[PDB]
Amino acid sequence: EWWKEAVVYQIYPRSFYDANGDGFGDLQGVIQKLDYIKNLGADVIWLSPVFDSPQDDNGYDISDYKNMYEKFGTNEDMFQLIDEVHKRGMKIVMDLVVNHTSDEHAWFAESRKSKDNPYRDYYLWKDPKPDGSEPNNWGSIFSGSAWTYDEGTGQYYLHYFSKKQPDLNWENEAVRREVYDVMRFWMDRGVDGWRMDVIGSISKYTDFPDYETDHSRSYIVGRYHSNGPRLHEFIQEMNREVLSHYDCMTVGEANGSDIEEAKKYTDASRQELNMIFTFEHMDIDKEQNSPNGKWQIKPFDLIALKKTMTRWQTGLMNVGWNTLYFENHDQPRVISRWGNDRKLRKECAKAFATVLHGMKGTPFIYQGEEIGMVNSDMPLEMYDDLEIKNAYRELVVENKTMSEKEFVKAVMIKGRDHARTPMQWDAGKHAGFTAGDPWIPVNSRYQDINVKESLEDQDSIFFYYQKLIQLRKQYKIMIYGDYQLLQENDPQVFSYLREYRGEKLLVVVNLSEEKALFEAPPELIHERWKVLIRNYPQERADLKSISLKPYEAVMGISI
């Protein structure tokens, strides 16, 4: 169970390092930066998808599972990367994207040709309604209908994501076998595990029932879009046929997951996955179900964060396993989203890191999180993401459920592209990401926020992350201790306790810009503490009462 003790670094490779000058990050670029990742201390890398793809969704629309997209390199480069990871004592996890393929995948190019094609039933085709409209009212995550009509055959195909991402038909045993063959091809060549993209969607309600509607919207995304009736059957089959034959790690991107679903995926006795990503803690700052979805912003609410993260810590405390993340290629920079990214940027970045890394589970560090990368001020016309383009058209232009100004404000907070501007290596041109022209501009603050300056500054966010990772490797309590929320009603302070074999770990973090007070509960007042990490310089170990400075974070271990 090395995956319980791991710290994972997520690379978004088109934006990590461009070794050959075309402005697009590449596999040889990753290889050249592996020493940096090892020095940080992560021991597992998760690479976002590098398989051949027309890039409609930046690699999540795969047109060939057994070849690389040419700008990343060739399979030879990928095999070298695997070897280079292993030579450093690290592991590599690839992105398994098997809810859907590109519409340019050979399977779909064949499927769409005719009802008698042998690939027809690789995808999900249905007749129009009598009036020619879509089979039901289901929506795409990327706006509009989940169905697209094919004039040549007279049927619609299903796509939960873009029209260039047709969903695979997992009811067809041949599709499942194709998926297992892909997994074995890569695992036999040294891939150590998989991050499984929208694994929650692979089983459909094959009666395709309409949702109920209150007429706020024409197309609906809801409970049928995940947790289908055969979901866990399929994952159990995948474990029997593939995962059980390798020393591997699996993490599912479990869209639609709540704590009970997480137990189904992650209880070891069920022989499914090791861990899942949930969205519940990322969902605290949207309204529950507006037509504008995640663009219907709410302010950061620490109480909501504490409630949600505590539900997950206690729910998987003695069964299953948690992932721990605040950032990925789909989320904004957490310090910009929920904190201070200006005068208190360092303290705030370190504070969020401490809250997260003090918990039970496997931490994930998204590229640039460890240097305090921030959201971008770029104008809307500079964004790339199809999610944004499609939502602008639907919400602002067509349906008018958001004004222009409100949509721009929402994108500046939550746009996926805040995660995707290039990694900031130094203060030179394009932050040292490329000698050419980057595929999207580097964030305008890069001259102040970059690896070079971080390694020169002993007070950097980088060295704080490096220390959190070292502590996890030294103190078994951080991996295996239980969890108890402390001072639960405090609106500024996120404090909790871990316990393991008579030892205690106290984590106290002021997630606010104002002064706060932590007082230990009565059962803890006679403990003696050794401070393991703090993001301010004043040092005292009487943690029973702490007058917390803005964004102050501290972890102590009992002695």
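Numbering starts at 1 and runs along the sequence shown.
The mean C-alpha temperature factor is higher for 530-538 when 38-46 and 530-538 are set side by side. Looking at 358-366 and 77-85 together, the entry lists the larger mean B-factor for 77-85, computed on C-alpha atoms. Per the deposited coordinates, the residue with the largest Cα temperature factor out of 416, 129, 195, 159 is 129. Take 329, 120, 337, 400 and read off each C-alpha B-factor from the entry; 400 has the highest. Among the modelled residues of its chain, residue 200 has a C-alpha B-factor that falls in the lowest third, as given in the PDB entry. Ranked by C-alpha B-factor against the other modelled residues of its chain, residue 553 falls in the lowest third. Ranked by Cα temperature factor within the chain, residue 57 sits in the lowest third according to the deposited record. In the deposited entry, the Cα temperature factor of residue 434 sits in the middle third of values across the chain's modelled residues. For residue 484, the recorded CA temperature factor ranks within the middle third of the chain's modelled residues.
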